[PDB]
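Topology and contacts: notes
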Amino acid sequence: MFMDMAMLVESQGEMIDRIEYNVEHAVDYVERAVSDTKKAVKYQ
Amino acid sequence: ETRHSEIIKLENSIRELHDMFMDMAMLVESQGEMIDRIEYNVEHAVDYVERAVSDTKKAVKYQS
Amino acid sequence: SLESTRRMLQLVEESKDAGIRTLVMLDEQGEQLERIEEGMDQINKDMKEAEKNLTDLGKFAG
Amino acid sequence: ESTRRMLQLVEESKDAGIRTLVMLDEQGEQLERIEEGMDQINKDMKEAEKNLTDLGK
Amino acid sequence: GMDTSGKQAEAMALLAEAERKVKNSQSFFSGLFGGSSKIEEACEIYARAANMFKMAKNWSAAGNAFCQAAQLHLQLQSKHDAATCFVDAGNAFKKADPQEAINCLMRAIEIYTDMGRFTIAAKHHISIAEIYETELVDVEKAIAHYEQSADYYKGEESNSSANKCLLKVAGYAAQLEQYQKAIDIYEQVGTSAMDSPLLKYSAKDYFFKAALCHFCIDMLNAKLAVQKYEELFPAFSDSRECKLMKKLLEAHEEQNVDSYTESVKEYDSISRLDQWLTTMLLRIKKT
Amino acid sequence: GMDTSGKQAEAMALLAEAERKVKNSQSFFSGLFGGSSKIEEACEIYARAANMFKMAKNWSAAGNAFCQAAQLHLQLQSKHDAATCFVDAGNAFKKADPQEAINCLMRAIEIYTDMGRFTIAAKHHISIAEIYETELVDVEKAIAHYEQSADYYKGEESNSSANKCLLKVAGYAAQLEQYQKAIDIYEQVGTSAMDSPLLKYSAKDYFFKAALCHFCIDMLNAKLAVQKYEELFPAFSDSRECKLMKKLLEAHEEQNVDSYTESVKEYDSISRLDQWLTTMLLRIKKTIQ
Amino acid sequence: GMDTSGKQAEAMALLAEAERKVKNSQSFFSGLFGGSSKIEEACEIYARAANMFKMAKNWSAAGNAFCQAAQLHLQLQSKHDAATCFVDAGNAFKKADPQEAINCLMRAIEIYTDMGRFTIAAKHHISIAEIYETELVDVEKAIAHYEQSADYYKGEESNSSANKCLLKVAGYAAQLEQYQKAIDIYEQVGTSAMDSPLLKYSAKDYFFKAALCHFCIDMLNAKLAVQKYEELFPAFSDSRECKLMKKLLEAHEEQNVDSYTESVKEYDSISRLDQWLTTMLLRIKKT
Amino acid sequence: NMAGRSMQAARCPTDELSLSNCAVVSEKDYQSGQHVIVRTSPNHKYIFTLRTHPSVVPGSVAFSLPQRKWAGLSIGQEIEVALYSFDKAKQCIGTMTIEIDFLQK
């Protein structure tokens, strides 16, 4: 059971790292998007 | 008498393992508790973003 | 002897119960993490496409 | 010979528990950061879209 | 202390400003036809006022404000934000007076199932069932809610989630002098986890419970059930559950009450039992 | 190295650029009225300079720039980004100046809660208490902050975090503060764990701590409390700690300091101390007269 | 495989029409000066063709397409997209030819650091260090990257990642016979782990390693160091590490190889020894 | 030299010198027959006699294994060595009692 734990939690760790990368990517992208959209609205 | 020494060692190690799992339980429970809240937040975020973007794009595209 | 038997049996039984409980518990966290992964992918794709289309429309207007 | 097996496997299980503990602590450390990032993005998108909709009127 | 008093005072002021806002906004809509931005402003003010009410440690009024905002917003042709407001009102009403909390959570469930999401609906169902169990004595509504949540979880291919609800339903059914549903759930869950490397360790325990709940009827049926389970789970005899069941059977066959009680006491000594098992064994010992 | 010197030089250059840019932005708004693009651009330049400066291994001016940018952004009716920048500046000043970091963190706490979020505010309270206690010699402020965090968590029915905060507060109180609050909190947490899924065998330690705390008051209260625990929790009856308590009480009853010393020594040999029971035992033994 | 290779040839044609878009930028964009979205969709089709190459297992071609798309997209705008394209190119280059992957990852490091996101910067630093170790033989660059990543992680109070990175750095330095840094890092990590209740079990091992390193430099000072560790941690003598170290040092007082050989064989008799410990013992006990 | 200069511990270059119980130093530093005080701490001061050997690097005082064991010195460490003068009318050695035993078992 300890070994099964170890392996399962290792998989969980890998995929949590992946999702964290993705969420930070999305955060930065949306921040830049809102900045650009507000600038464009100001241009009008 | 050597059996007494080895069983004392067994007692120490077994108590250590018991306390270790005792610790583990609360940590994993807190992890799950945080997981549920992040799930709620992400579902609310996606739902609101989807509906708002759809509605506003439809409103701004069909006014012309 | 008897005391060793008793202590070892009780502690082993407690450890077994705790271990089986945590083994059962891990699955809910795994499934929740998978679901949030799917939701994050949906959010990222939808927002990216929406922003790109909106920028294209803004360029068309201008 | 049974006693030696008990000793060896007990120490192996102890080491496995310690390393699992370290890894779990790492995951717990990461969880709060991802949660804060989610909250920040949520607030940013909400305020941005609300302001844009208000300006649209 | 001082913080709560100040928040409450400014929240009363904000409520006065909000009633003024709604009245003057409807008047201005009638007399000028300004649009609908003022209604959105009123909704935002109401949401902020409800949050401030929650700050002041006044959950009832905070929930009232949340529900008012939810109804106004759904009147503004938008449900999901009203759904969030309803859920927040239910959370606020969890303490103090939860009677309206149940109804508001039911409304949230209704709107969500109208939208389609299953998992949030199941979560609300289980939350309502837990509220009923902890705060009310009527277990029929809790059983219905748990059964519905288990069905929804099973439909969504979430076997692990449905298992917990099914186990709770089986336990409460066994509590209320009902064994057929409990027996069926116990045997089904025991069979389900047969091939899993992880859950196989648990496979034995549930079976034992089933056997114990199959002895509440008679003796011969209990023997048939235990031998059938052993045939299906040859390793089951390895554990002490089978030995204890056989000891109980032989002791009750010869009306050996004292040996049965002594064996139960020694089993408790080696490993303590819970209220469910203790009361079940006491009921069994009644005859 | 070239990297640090160049980073600091360009940080000074861009700080001068941002200062002249804000002055020229005032001049523009008074002369051309171009809107708010100027101020937002100045804030973005300030944020870029602050982040690169905090890369540059110098923290004080980076946090100062973060705070200034947050203030200028809040000047434009924006709070979320201002609050996040306040949090970042407090994090930066954590290793530079505790007082300014604490001011920024409390400002972030109040603005975030005013927005309507409590759990984040609870985490901020916990961090503030931790930074107080780790480097500054103070407890009362930490106790109050932990109590507020527990209250916020319980308001959001976060049982685990609230219970952890309450247990930490009770331990700190028992260390210095009186026993009544510690007694009540320990008894509550012990009685609220009789049917925990994974912690069915955990409340015994909390009941042991409560019994020891009771023993610090008087002998009669000690024996009455242990009897009440015995009656309330049958499992505690078969606990090694219960036998230890009975042995210690009997040894102290006859004023046999040797019996108490040998009992505690045997307990230590069987089980290693925890650094918290030893001080209580020493205090009790000091009043053996 | 082959039909997908035909569509990969079609993706080469897509790159050819992307070159036609570059020709548009060169000549026809004078009348299409507003066609910035044309350049954006040119980058999009570049990325799609690169993905098609990725499916075709043309790692070099996919990496070249990624690098070209990154270079074209970094028109002083959308910096994060350019950094993502660069890291994608590096991942494509992870296999086959990773040398240019190092430069692309360094550029991505610079860009992400310019944003100020230290987590991803340290992650990529660890990535380049590990690919260096598993592909190239140079260790000084790897150790420098490890140091930089550990400093970045420690800046944001991330103690665990920095501690593990520093443990690896100390091990590598010990391999490169720089023992002062190794002992310093091992002592720091041990004292940090002991402080928290959750990390008190591991401490023993760390101490052992540190002691060994110290015993490599000064034999006489080894006794003082082990005594200091013993008094610092009263529960250090009980564990087998302290007993074995005491046996080894008390046997080394006299020139008796049999004693240490038997001791090491007996200690190995309970558990296998790793390459690091075996090599360290073989080198140190030679004289 | 008279006041005291920093020096580095070194191993005795030759076994023959290891039999002389002399703190071997380079020719460029001191002269044979001089007596110096080795300082490692405010309380731990000892005195050695200097003998010149070609292999000694300047600025390092070589100590045989017995000297290192007696003074607790570590090769490569820093010490302060100053010139020590013996009062021939007071510090001259009249009678010694010494303990002698087999070096190797």
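Residues numbered from 1 in each chain as written, not as in the entry; some residues may be left out. Chains lettered and ligands numbered in written order. Part of a larger assembly, values for the part shown. Heavy atoms only, no water.

Looking up chain H in the PDB entry gives the name Vesicle-fusing ATPase, with the organism given as Cricetulus griseus. Per the PDB record, the entry is named "22bin20S complex (NSF-alphaSNAP-2:2 syntaxin-1a:SNAP-25), hydrolyzing, class 19".

Chain A goes by Syntaxin-1A in the PDB entry, where it is assigned to Rattus norvegicus.

Another aspect to go through is the packing of helix 14 (residues 257–270) of chain F against helix 15 (residues 277–286) of chain F. Residue and element names in this part refer to chain F. Relative to each other, helix 14 and helix 15 sit at 175 degrees, their axes nearing to 11 Å. Taken together, the axes of helix 14 and helix 15 are roughly antiparallel relative to one another. Contacts between helix 14 and helix 15 pair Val257, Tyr260, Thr261, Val264 and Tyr267 from the former with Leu277, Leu281, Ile284 and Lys285 from the latter. Per-class residue counts for the contact of helix 14 with helix 15 are seven nonpolar, one polar and one charged. (Axes fitted to C-alpha atoms, helices over the stretch in contact; angles between N-to-C directions. Helix = DSSP H or I, 4+ residues; strand = E, 2+ residues; numbered from the N terminus. Parallel < 35°, antiparallel > 145°, perpendicular 65-115°, else oblique. Contact = heavy atoms within 4.5 Å. Nonpolar A, V, L, I, M, F, W, Y, C, P; charged D, E, K, R; others polar.)

With that settled, the discussion passes to the arrangement of the chains. Ranking the 21 pairs of chains in contact by number of contacts places chains B and D first. Contact between chain D and chain H is absent, and the least distance between their C-alpha atoms amounts to 37 Å. Between chain E and chain H there is no contact, and the shortest C-alpha to C-alpha distance separating them is 58 Å.

Moving on: the packing of aromatic side chains. For the coordinates displayed, the defined rule picks out 17 aromatic pairs over all chains. With a centroid separation of 6.1 Å and 25 degrees between ring planes, the pair formed by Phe48(H) and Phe63(H) is classed as stacked. Placement of the pair is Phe48(H) in strand 4 (residues 45–52) and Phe63(H) in strand 5 (residues 60–63), with a sequence separation of 15 residues. Here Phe48(H) matches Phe63(H) in class, with each residue buried. In this arrangement the basic side chain of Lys209(E) is found over the ring face of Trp276(E), its NZ or CZ atom lying 5.0 Å from the centre. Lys54(F) extends its terminal NZ or CZ atom over the ring of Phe118(G), reaching a point 3.7 Å from the ring centre. (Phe/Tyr/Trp six-rings, centres within 6.5 Å; stacked < 30°, edge-to-face > 60°. Buried < 20%, exposed > 50% of the residue type's maximum accessible area, 1.4 Å probe, protein only. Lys NZ or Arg CZ within 6 Å of the ring centre and 35° of its normal.)

With phi around 60 degrees, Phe33(E) is a residue other than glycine that occupies positive phi space. The residue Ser78(G) is not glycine, and still its phi comes out positive at about 60 degrees. Tracing the chain through its elements places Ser78(G) in the loop between helix 3 (59–73) and helix 4 (79–94).

The subject of this paragraph is the environment of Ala16(D). As for its position among the elements, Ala16(D) is in helix 1 (residues 2–56). With 19 residues separating them along the chain, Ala16(D) and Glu35(D) place their C-alpha atoms 29 Å apart.

In terms of nonpolar packing, the biggest core is built from 51 residues, with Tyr186(G), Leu212(G) and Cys213(G) touching the most fellow members. Looking at this core element by element, the count peaks at nine residues for helix 10 (residues 203–217) of chain G. With near-sequence residues (within four places) excluded, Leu212(G) lies in contact with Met245(G), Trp276(G), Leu277(G), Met280(G), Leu281(G) and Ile284(G). Counting 41 residues, the second-largest nonpolar core is a separate cluster that includes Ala150(E), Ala173(E), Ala225(E) and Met245(E). (Core = buried A, V, L, I, M, F, W, Y, C linked by side-chain atoms within 4.5 Å.)

Residues and elements named next belong to chain E. The geometry of helix 12 (residues 240–253) relative to helix 13 (residues 257–270) is characterised by a closest axis approach of 9 Å and an angle of 160 degrees between their N-to-C directions. Classified by the angle their axes make, helix 12 and helix 13 are roughly antiparallel. The chirality of how helix 12 crosses helix 13 is left-handed. Listed contacts from helix 13 to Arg240, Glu241, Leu244, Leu248 and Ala251 of helix 12 are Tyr260, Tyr267 and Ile270. Among the residues forming the contact of helix 12 with helix 13, the class breakdown is six nonpolar, no polar and two charged. (Left-handed = near helix turned anticlockwise from the far one by under 90°.)

As a further point, take the pairing of strand 3 (residues 35–39) of chain H. Burial along strand 3 of chain H is one-sided: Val36(H) and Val38(H) are buried, while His35(H), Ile37(H) and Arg39(H), pointing the other way, are not. Taken together, strand 3 of chain H and the strand that follows it, strand 4 of chain H, pair antiparallel across an intervening segment of five residues. (Pairing = 2+ DSSP bridges.)

In summary, the side chains of a regular strand alternate between the two faces of the sheet. Residue and element names in this part refer to chain H. Taken together, the three bridges between strand 2 (residues 23–25) and strand 4 define a ladder with parallel strand orientation. Its bridge partner being in strand 4, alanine 23 is matched across the sheet by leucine 50. In terms of strand pairing, strand 3 meets strand 4 through five bridges, oriented antiparallel. Each bridged residue has a counterpart across the sheet, and for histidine 35 the counterpart in strand 4 is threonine 49.

Mapped onto the secondary structure, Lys50(D) falls in helix 1. Aside from chain neighbours lying at most four places away, what touches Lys50(D) is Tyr48(B), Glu40(E) and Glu44(E).

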